[PDB]
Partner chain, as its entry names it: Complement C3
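Only one chain comes next, encoded as structure tokens, the form solved without the partner chain.
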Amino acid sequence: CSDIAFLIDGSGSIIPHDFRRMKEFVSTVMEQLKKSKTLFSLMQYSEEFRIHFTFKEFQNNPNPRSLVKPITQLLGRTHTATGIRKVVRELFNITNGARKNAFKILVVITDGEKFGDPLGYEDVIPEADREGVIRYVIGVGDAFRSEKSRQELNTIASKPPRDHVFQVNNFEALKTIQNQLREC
């Protein structure tokens, strides 16, 4: 019915506390969303990308705390745009777990400063929409302490961005995610 994927910033700019904080957020979403009708996938990124768990793997073993805890920080650059592309092409993939007719929800968590990425958001956002991927953005660290970084959130996130962008310690994001699921 609804396939939700997480793309988390593992870049060296994300501070440790905040990496732990991100992980925290993901589990909380996964917890409150006691499937029966929802699968999750997740990937972290640097200049490199890691698939920590796929819809299949989440389906085989749907234990939150047991899928997230392992995940350690990659560090390095921030290839968010390529992260976006790779998430729709690899995670929202049927040979990896994705379903048909199900809604696609991409949750991207980051500080909002892409760096070193060859791709600009204008190279992946269109394909996101063509593929129907709804995007939410959870900004962490210095995400909101900068105008250039705030605009990065708006760029990534689906419209209206006010309904798809929250600071990680704003617990409306969870509330809004539960809503997004009753308004399909």
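Residue numbers count along the first chain shown, from 1.
Below, we turn to the form solved in complex with the partner chain, even though it does not appear here.
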Non-hydrogen atom within 4.5 Å of the partner chain in the deposited complex for each of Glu31, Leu67 and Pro70: no
Non-hydrogen atom contact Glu47 with the partner chain in the deposited complex at 4.5 angstroms: yes
is_contact(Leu75, the partner chain) in the deposited complex, heavy atom dist at most 4.5 Å: yes
4.5 angstroms heavy atom contact with the partner chain in the deposited complex for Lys37: no
4.5 angstroms heavy atom contact with the partner chain in the deposited complex for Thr176: no
Stretch 100-125 - residues with a heavy atom within 4.5 Å of the partner chain in the deposited complex: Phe115
